[PDB]
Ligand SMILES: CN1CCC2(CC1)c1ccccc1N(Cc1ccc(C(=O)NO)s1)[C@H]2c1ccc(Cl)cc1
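Presented as structure tokens, the chain that follows is alone, the form deposited without the ligand.
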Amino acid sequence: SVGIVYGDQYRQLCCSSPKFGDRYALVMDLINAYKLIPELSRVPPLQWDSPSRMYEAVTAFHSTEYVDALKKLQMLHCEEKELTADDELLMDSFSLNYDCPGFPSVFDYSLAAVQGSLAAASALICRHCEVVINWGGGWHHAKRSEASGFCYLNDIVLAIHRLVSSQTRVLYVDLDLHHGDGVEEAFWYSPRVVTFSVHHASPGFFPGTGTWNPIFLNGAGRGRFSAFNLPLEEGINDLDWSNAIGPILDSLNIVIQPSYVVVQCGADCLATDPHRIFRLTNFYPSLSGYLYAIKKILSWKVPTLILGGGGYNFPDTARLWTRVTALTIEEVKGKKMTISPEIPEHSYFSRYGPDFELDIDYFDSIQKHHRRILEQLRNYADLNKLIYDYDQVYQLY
């Protein structure tokens, strides 16, 4: 089946943050408005037997002291009184400040994504679902003891850890506009989790990694060559973005033969995202780079976790992820999803004006990266004794 994470409490928590507002509600309600919910298996978020079991799960990646501080931040933001200087300094030591502020539900909000993505991983492991979608997850920037980029807990890392610990290899594909630094770092020393991020990178652009640092770092220790990156200049359209990552994706699957694929599908590469950097679309006849990538990953018939992430044009993010959800149903079940070009009437219909259409309202370096990435993949296969056909992989590019 195709699973999707939702629930009443989950929805409330995913809509409780100042940065992402009600985005998750728009996403799930547009999926509902297009009558996709009956096609999908609801995956309930994971809950625990006790505080200690919860800490045991979250501190599989995060430090106890960081989790403590994040919970304290929520507590402090539920009281009217201003933080003490000592508490401000404590929060600063975990980067729980500036772009990762406190708010009254910050811990419950952050933990909810973890609950959803851990449940999604478990549904894949027990083979209840062949693919699971979590549009409340995908928070790729959070580090062991540091919040970053409005990511407080790294649900992706925790989900991947569950998968790899269930020879199991996981391929992580990060389609967000931003470099997936938190996930890359978590598995920097781990050959069995290969990370691949395609992203914009340029001087001063967040978070700064995923590019020449100069040479290209790619993992360390036994994880050498296991972290892949494709930085792209601003302005790239569906076709060029698709041709840039298509052969890399196919080569990674052929060589790594992953037992699971985890995809972060942040929507901030859309031409209409307020970042205004890439020119991708949700068009489904150019073909949306996102849909091209997802279709290609699902053609591998590997159990796959599809997560959300960035996306700051909330209606267009719902437009894109609704099409990703329909495409996943089609590819996995084999059942054609016919979707009207009109946004159906529903709770948030007015948010899609004035056009009220499903299509978003939008009218050599890469060759060098391919040669570099192919060489790195050969080095990865050699170091990890993976038998693969070099000529066939070369023909993909």
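The numbering used is simple: start at 1 and walk along the sequence shown.
From this point on, the text means the form solved in complex with the ligand, which you will not see here.
The listed set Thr211, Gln74, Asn253, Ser190 contains one residue whose heavy atoms approach the ligand in the deposited bound form to within 4.5 Å, identified as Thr211.
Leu217 is the sole member of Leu217, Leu239, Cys78, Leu83 with a non-hydrogen atom within 4.5 Å of the ligand in the deposited bound form. Contact check for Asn229: a heavy atom falls within 4.5 Å of the ligand in the deposited bound form.
Of the heavy atoms in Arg323, none are within 4.5 Å of the ligand in the deposited bound form. In the deposited bound form, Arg319 stays away from the ligand, with no heavy atom inside 4.5 Å. Screening 243-251, 112-120, 84-92, 177-185 for residues having heavy atoms within 4.5 Å of the ligand in the deposited bound form returns a single hit, 177-185.
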